[PDB]
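Chain by chain, the residues:
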Amino acid sequence: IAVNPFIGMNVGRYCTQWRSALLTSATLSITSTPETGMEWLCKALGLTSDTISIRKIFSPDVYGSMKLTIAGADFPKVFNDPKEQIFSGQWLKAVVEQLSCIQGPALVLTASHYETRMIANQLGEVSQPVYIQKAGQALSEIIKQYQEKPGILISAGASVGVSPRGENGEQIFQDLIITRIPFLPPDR
Amino acid sequence: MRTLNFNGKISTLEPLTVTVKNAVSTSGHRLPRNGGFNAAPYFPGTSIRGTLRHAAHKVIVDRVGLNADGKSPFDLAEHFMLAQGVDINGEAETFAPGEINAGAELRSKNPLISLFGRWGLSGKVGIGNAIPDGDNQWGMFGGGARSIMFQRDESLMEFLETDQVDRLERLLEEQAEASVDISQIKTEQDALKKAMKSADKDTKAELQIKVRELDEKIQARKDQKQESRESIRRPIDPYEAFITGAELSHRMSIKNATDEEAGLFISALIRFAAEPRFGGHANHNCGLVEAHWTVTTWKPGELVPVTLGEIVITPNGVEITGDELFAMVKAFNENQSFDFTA
Amino acid sequence: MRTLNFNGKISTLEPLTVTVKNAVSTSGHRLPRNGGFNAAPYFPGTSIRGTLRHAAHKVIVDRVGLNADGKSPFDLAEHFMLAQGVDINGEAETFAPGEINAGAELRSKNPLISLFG
Amino acid sequence: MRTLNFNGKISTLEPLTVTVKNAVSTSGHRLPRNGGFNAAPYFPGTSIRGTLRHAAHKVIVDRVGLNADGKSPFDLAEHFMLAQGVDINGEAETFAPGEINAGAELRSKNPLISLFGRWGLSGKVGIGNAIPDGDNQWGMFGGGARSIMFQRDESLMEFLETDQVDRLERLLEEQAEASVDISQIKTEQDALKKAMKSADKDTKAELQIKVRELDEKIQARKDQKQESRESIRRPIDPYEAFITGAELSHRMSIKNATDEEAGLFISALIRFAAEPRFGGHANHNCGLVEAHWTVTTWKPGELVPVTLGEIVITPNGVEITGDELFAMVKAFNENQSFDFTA
RNA sequence: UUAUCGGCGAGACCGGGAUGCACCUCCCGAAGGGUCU
DNA sequence: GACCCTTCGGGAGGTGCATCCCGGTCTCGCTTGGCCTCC
DNA sequence: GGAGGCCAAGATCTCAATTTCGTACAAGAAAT
């Protein structure tokens, strides 16, 4: 339906009504501070500090390694005109350029399957096999397409807590390209 | 000097259309939308105001009367002042301190200009927008296609000499080859109209220059057509108009209306009721209306208005109710002291 | 210069149809609707106006008459102006100076263009 | 003394528009914006406050009494001080800072000046801006285009003498030639204004001069048009207005309002309801509104305000429901101790 | 946080003029038929 | 009492005109004596 | 008739200048 009537309030009582409801997530925070970042949970379900058992973030310190490369301000604007969903060609050229400069298997998380299709079109498949998530496809088929031959996997949407891990279990994509932050459309 | 509110409904006996330049676009004739793109269209109060202003101008022209040949004593500048509020002679100063009390005189001598103001003089009449009551009371009308007369009807060929039939032959071949050429350059022009969309600003303007030179190429290809500069067979783009029987709420006001000015307004409404045409598309008989207005007055400080009467305009006649509207009309008709040479 | 209102009814002796290019779609031939999908369809005034204009053009060519071979004195341009309303030689401009007060005389000389414009 | 908050909605009967010098630019007419180009336009509280202040000034003029043949017993200084708070005389008693009970005697003797303030005297009335409810609800109304009356319908030309016909001929030829020349000059001018975007500060001086000189060239070209200084036929730039039926949330406050001052304010709303017009473009009947206000008073130190009643202004009347609103109106109407003179 | 303390305020209607309109036939072709107390 | 078989192609404009102008405030961030009332 | 209480003058001057957020995907049901 929607949360237009604050339907959330309802489910909040539900968590109260049980003995104890444990809401966890890898992304249950906006900031690294519990009480500043979980306030969207404190404000959407209606559960408040008094009734909140705990508000905490547990992050490991030594878990994995990570090199970050980010596009700066000067980088070409992603959308020449966002309303009618046109992607500026300069940004497409830059994105394909950086995609082709990768020397190993990579996971490209675009935001829309439309972005998946435009990026696949603009790519010349100069790199090892490019695997594309068709609009409304199933990710796991491309996952098992990718385990047999690791390469470049452009899969918008997807994720939902999934990972293209190998058979025994190993990081088979040293690079992960988030082309654009998946900014949600404006919803009048 | 009382305020009169004509609150009422316009029912469209024929579709009611207008093409206002800002509202219309590359798509085609479209009514102004009352807001955003998808908002309910309205008939402009500007068009209604212009129609009623010209009706009042003709009322005044008849009231002063014509000479034997039928010309009016008013000068061209007087006509333009009366029905458009423009001084062609350019003697209308905006905020000159010597017109501060030019108002009451110019009003009582020129009830028309007082009603419909000028550049510097506030119009006493405010003619509002006609807003439809229901939804889906508009639609695309006038959809058609001009077709060659001699292809639809074969008899007209026997009305043409041999050389004229050969001219029709040349004109048809000319339309055919010139149109396929125009179509080829058109599909190229819209191919790169689709191509500019994902273009940086420099290449954006470069593709817009390419579009304008393919437009000049369109024009040049048209020029080369010696038989006709334009095609003769073509689909006519439809125009957006209010449906027949659409009910449009209308609100007109005469602020501080004296008897003579209100009477002139009612005479204008009657003369418009002689030809109740609003908007344009005179072909297809678009614009014919049957409008009824409830005239209400509101003495300042009173908590309620008083309904002076009703003005029903129907194809079968004009009905005026209430003694007050009749009194205003008679007062205007019996006031001989109007000097419209303002 | 009197305004004539022809208010009346057309009774349909045989089914009355028209293929308006807007109204038709890939769904099928549909009469032009009086606003929206579900409104009451109308017969366009454009079709009636064209039929009456061609009728008036035939009236005028019949009143002017035909030569022995049966060819009207008018040319292709005059026929198109009279019934089709399109200028073959480009002698038609809007809001041009010079045609001010020539419209009345042209209307008196050419009642067809006067009526149907 | 009570603090009255009128919280309520202004529904729009005809589009609500206003031209503020700040908001509008060369790009066109724009409504005053709620802090940004891509912001919801608001109807300024300045226009509403001025309309209500003039309504209250008319209330006072009526309440004292129109003697003579309708001349009010007030000088021009008094009318300006009551309606705009400007003292032309300079004799208004300027309250030097630190004066205890600054203007308390003036407030008691002039409820209107107390309500709407003056220079050095705080106005108890604060008329807030009218913020629209919901996205859209604004649009580019008005618009259209001036057309030559005699090029639209030929019947009016039977009312023009021969000399006036040749005058119209000359006027139109002049309009065409001036249009072509001015349009070429304007093409040069807009190319120059495109060269602004290459904004080198040292060039900007030479470009402002080279564009203001070309605008003086435009003015001189227009000045040599013997028949008409301005082109009669021209598209009207549309004005931005809140659409008909738009809901604009309005908040008005009277701080420390006596029953006399609040009664004066309610009487001002009553008289405003006679001509409930806000803004401009009143030729197109723009500004006609129906507004309903909930009057809530708040005793300081009380956690909740109490509702005194509701003021509904509608085309069918003014519904002031509430014992305290009627008490305020009767008290204002029954207090004979107001001195509005110098 | 190199101390302590300080509402910046009061008034203004931006409004006044405009018909966007003028021309077009969308038509051209067809059997929906045959079977059974 | 079971299917048939779903048509093409036209052709898609031309212009005109884009205003005039107002009119942009007071203050005041300190102390002192002179003069005027007046407890 | 000395205490308020309002009002006018004191000569000089620092300095500085603007053009538009965010554009989607899933997976998964004993149903409102």
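Residues numbered from 1 in each chain as written, not as in the entry; some residues may be left out. Chains lettered and ligands numbered in written order. Part of a larger assembly, values for the part shown. Heavy atoms only, no water.

Per the deposited record, cryo-EM is how this structure was determined, to a resolution of 2.9 Å.

Chain C is annotated in the PDB entry as CRISPR type AFERR-associated protein Csf2 of Klebsiella pneumoniae.

Novice: Residues and numbers for the overall build of chain A, please.
Specialist: Of regular secondary structure, chain A possesses 6 helices and 6 strands. Traced from its N-terminal end to its C-terminal end, chain A shows the element sequence α-α-α-β-β-α-β-α-β-α-β-β. By the compact-globule yardstick of 16 Å for 188 residues, chain A is too spread out, its C-alpha radius of gyration being 20 Å. Dimensions of chain A, computed from C-alpha atoms along their principal axes, come out at roughly 60 × 45 × 35 Å. (Helix = DSSP H or I, 4+ residues; strand = E, 2+ residues; numbered from the N terminus. Rg over C-alpha atoms; globule rule 2.2 N^0.38 Å.)

Novice: Give me the overall build of chain C: which residues, what numbers.
Specialist: From N to C terminus, chain C includes 4 helices and 0 strands. When the helices and strands of chain C are read in sequence order from the N terminus, they spell out α-α-α-α. Taken over the C-alpha trace, chain C has a radius of gyration of 19 Å; the compact-globule value for 117 residues is 13 Å, which it surpasses by more than 25%. For chain C, the C-alpha atoms occupy an extent of roughly 45 × 40 × 35 Å along the three principal directions.

Novice: Could you give an account of the interface of chain B and chain A, naming the residues involved and the relevant values?
Specialist: Put simply, an interface is often sized by how much accessible area is lost when its parts join up. Listed as interface residues are 5 residues of chain B and, on the opposing side, 5 residues of chain A. Buried surface at the junction of chain B and chain A, both sides included, amounts to about 390 Å², of which 39% is carbon and sulfur. Its largest share of buried area at the contact with chain A, chain B owes to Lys197(B), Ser198(B) and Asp200(B), together 79% of the area lost on that side. For the interface between chain B and chain A, the tally reads 0 salt bridges. The interface formed by chain B and chain A holds 3 residue pairs in polar contact in total. Across the side of chain B that touches chain A, the residue classes tally to 1 nonpolar, 1 polar and 3 charged. (Contact = heavy atoms within 4.5 Å. Buried area = accessible area lost by both parts, 1.4 Å probe. Salt bridge = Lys/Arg side-chain N within 4 Å of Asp/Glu carboxyl O. Polar contact = N/O pair within 3.5 Å; in protein donor to acceptor, adjacent residues only side chain to side chain. Nonpolar A, V, L, I, M, F, W, Y, C, P; charged D, E, K, R; others polar.)

Novice: How would you sum up helix 5 (residues 113–122) of chain A? Please name residues and give values.
Specialist: Along helix 5 of chain A, the positions that sit buried rather than exposed are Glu115(A), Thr116(A), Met118(A), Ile119(A) and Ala120(A). Tucked inside the fold, the buried residues of helix 5 of chain A contact strand 2 (86–87), helix 4 (89–100), strand 4 (130–132) and strand 5 (152–154) of chain A. (Buried < 20%, exposed > 50% of the residue type's maximum accessible area, 1.4 Å probe, protein only.)

Novice: Residues and numbers for helix 7 (residues 201–223) of chain D, please.
Specialist: Residue and element names in this part refer to chain D. Between its first and last C-alpha atoms helix 7 spans 33 Å; for 23 residues at 1.5 Å apiece the expected length is 33 Å, and the two agree. Taken as a whole, helix 7 has its buried residues at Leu207, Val211, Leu214, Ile218, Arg221 and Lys222. If you follow the buried residues of helix 7, they end up packed against helix 6 (162–194). (Expected span 1.5 Å × (residues − 1).)

Novice: I'd like a description of the pairing of strand 8 (residues 239–242) of chain B, backed by residues and values.
Specialist: All names here are of chain B. Across the two faces of strand 8 the burial is the same, with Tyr239 and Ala241 and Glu240 and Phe242 all buried. Where strand 2 (residues 16–17) and strand 8 come together, 2 bridges link them in antiparallel fashion. Bridge pairing links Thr17 to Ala241 in strand 8. Two strands pair when backbone bridges link them, and strand 5 (residues 138–141) and strand 8 are joined in this way by 4 bridges, in the antiparallel orientation. When the sheet's bridge partners are listed, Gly139 is paired in strand 8 with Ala241. (Pairing = 2+ DSSP bridges.)

Novice: Help me get a handle on the state of the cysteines, residues and values and all.
Specialist: Residue and element names in this part refer to chain A. Taken as a whole, this structure holds 0 disulfides over all chains when the rule is applied. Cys15 forms no disulfide, and the closest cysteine sulfur to it belongs to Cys42, at a distance of 12 Å. We classify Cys42 as partly exposed; its relative accessible area is 21%. (Disulfide = S-S within 2.5 Å.)

Novice: Which residues make up the interface of chain B and chain D, and what are the values?
Specialist: At the junction of the two partners, chain B supplies 49 residues and chain D supplies 52 residues. Of the roughly 4,100 Å² buried at the junction of chain B and chain D (both faces included), carbon and sulfur atoms supply 58%. The largest share of the area that chain B buries against chain D comes from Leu76(B), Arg251(B) and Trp298(B), three residues that together contribute 15% of it. Taken together, the connections running from chain B to chain D amount to 2 salt bridges. Among the salt bridges present, the one from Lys58(B) reaches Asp153(D), with a minimum N-O distance of 3.4 Å. Linking chain B with chain D are 13 residue pairs in polar contact, by the criterion used here.

Novice: Could you give an account of the protein's contact with RNA strand E, naming the residues involved and the relevant values?
Specialist: Every one of the 83 residues lining RNA strand E counts as a neighbour, but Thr46(B), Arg49(B), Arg49(C), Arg49(D) and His281(D) are closest to it. For RNA strand E, the fraction of atoms within 4 Å of the protein that belong to sugar or phosphate moieties is 62%. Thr19(C) places a main-chain nitrogen or oxygen 3.0 Å from a phosphate oxygen of RNA strand E. Note that a sugar or linking oxygen of RNA strand E is positioned 3.1 Å from one of the backbone N or O atoms of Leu121(D). Across the surface near RNA strand E, the residue classes break down as 21 nonpolar, 46 polar and 16 charged. (Near = heavy atom within 4 Å.)

Novice: Describe the sheet that holds strand 2 (residues 16–17) of chain D, listing the residues and the values that go with them.
Specialist: Across the sheet, which stays open at both edges, the 3 strands sit in the order 2-6-5 (chain D) with antiparallel pairing between neighbours. Edge positions in the open sheet fall to strand 2 and strand 5 (138–141) of chain D, since each of these has one partner strand only.

Novice: Account for the sheet that holds strand 4 of chain A, naming residues and giving values.
Specialist: Residues and elements named next belong to chain A. Reading across the sheet, the 4 strands line up as 4-5-3-6 and stay open at both edges, with parallel pairing between neighbours. Only two strands of the sheet have a single neighbouring strand rather than two, namely strand 4 and strand 6 (175–177). Averaged over all adjacent pairs, the angle separating strand axes in this sheet is 15°, with direction ignored. Against the sheet, helix 6 (residues 139–148) contacts strand 3 (106–108), strand 4 and strand 5, and its axis sits at roughly 170° relative to strand 4. (Axes fitted to C-alpha atoms, helices over the stretch in contact; angles between N-to-C directions.)

Novice: How would you sum up a negative patch on the surface? Please name residues and give values.
Specialist: All names here are of chain B. Taken together, the side chains of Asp163, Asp166, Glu169 and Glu173 define an acidic patch exposed on the protein surface. Looking at where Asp163 falls in the secondary structure, it is placed in helix 6 (residues 162–196). Note on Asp163: relative accessible area 44%, which makes it partly exposed. (Patch = residues over 30% accessible without salt bridge, like charges linked within 9 Å, V, L, I, M, F, W, Y side chains within 5 Å. Areas by Shrake-Rupley, 256 points an atom, 1.4 Å probe, with all protein chains shown as cover. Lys, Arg positive; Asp, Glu negative; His and termini not counted. Charge placed at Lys NZ, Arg CZ, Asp CG, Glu CD.)

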